[PDB]
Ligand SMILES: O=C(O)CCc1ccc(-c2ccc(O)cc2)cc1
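The data below hold one chain only, encoded as structure tokens and taken in the form solved without the named molecule.
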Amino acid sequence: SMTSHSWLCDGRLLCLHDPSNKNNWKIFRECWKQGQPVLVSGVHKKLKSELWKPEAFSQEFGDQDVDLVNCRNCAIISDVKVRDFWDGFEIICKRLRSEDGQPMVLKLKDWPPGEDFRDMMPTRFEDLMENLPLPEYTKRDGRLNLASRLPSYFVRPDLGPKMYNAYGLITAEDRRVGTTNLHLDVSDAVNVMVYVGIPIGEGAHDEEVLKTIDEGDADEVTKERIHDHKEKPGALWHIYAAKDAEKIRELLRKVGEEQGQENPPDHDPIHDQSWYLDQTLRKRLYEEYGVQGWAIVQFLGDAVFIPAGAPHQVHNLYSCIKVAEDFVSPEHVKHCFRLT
């Protein structure tokens, strides 16, 4: 039967079911005040599905010049047409190949560039912004979004939203690689999965995706969304409380030293955005430092709420289109203050 919400991560993660409900804030606000992430399902059912297809982005914008990243080795592929990314999103035999002859796993960098989403894509901007959950927090003019109301003593977010486009990771070796490495933001954010592409060519790739979710520490209810309801899983997240950020820096300074990096004792491995916590490192963080995170599978139409200051990483299971908006809630404004 239909319900307002459920508890994931064995009780530690709120999942809201009705993205537009006017009373969602009554359930959300205490979890948010405690510094927890929140998941909201069902946003895809509110959107115009024809605006969020890979083939439309290629047809409309394909002659723009862009840079890509090879997710396996961090190599930059400079100054290529954006159709060269989009046309291989779901069709493996169209993908750019590495020198070994394999199809690459690619991430589209900074596209649309800087703050240009609204100017380049006005109909997509309207469709996203009118359907964001918790609109008093997330809309540019929301009553609980302080972004437009703070003086220069606070770091203010850029004008959004921002699009995040990347292929899925495929192989056993790929399990230890990030799509987006461990980092933190000084603003809050909402990240919406607007499209999931499950390919054809090397099409029959189900088994390595189940092993990735299981070794990723996903809970038993999360496993039921696949097996029972056949929803499309897009990306595996790990998120850590803002209060645990320095203990994570201590672990990564120790591992950098073990691997023969030569780093000053104060250097910031989270700001460097150079690490992905694999199963080995996640277990060492728990056992050696006492730190537990949230392992979250973001399915089509899921919105992930990321608290300001919370370290987080993303690993795509299939090809993903995500759209994110930054905001400044009163609950977490301390994280963007420029003093003490």
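We number the residues from 1 along the sequence you see.
The following text describes the form deposited with the named molecule bound, which does not appear among the structures shown.
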From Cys74, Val255, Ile198, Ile92: within 4.5 Å of the named molecule in the entry with it bound by heavy atoms is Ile198
Interface check vs the named molecule in the entry with it bound: of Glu262, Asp214, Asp119, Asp206, the one with a heavy atom inside 4.5 Å is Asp206
| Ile226 near the named molecule in the entry with it bound, any heavy atom under 4.5 Å? | yes
query = Do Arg149 and the named molecule come within 4.5 Å of each other in the entry with it bound, heavy atoms counted?
reply = no
The named molecule contact at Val80 in the entry with it bound, heavy atom, 4.5 Å: no
Residue-level question: is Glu126 within 4.5 Å of the named molecule in the entry with it bound, judged on heavy atoms? no
Of the candidate stretches 134-142, 82-90, 111-119, 227-235, the one with residues having heavy atoms within 4.5 Å of the named molecule in the entry with it bound is 227-235
Of the residues spanning 290-320, the ones with some heavy atom within 4.5 Å of the named molecule in the entry with it bound are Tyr318
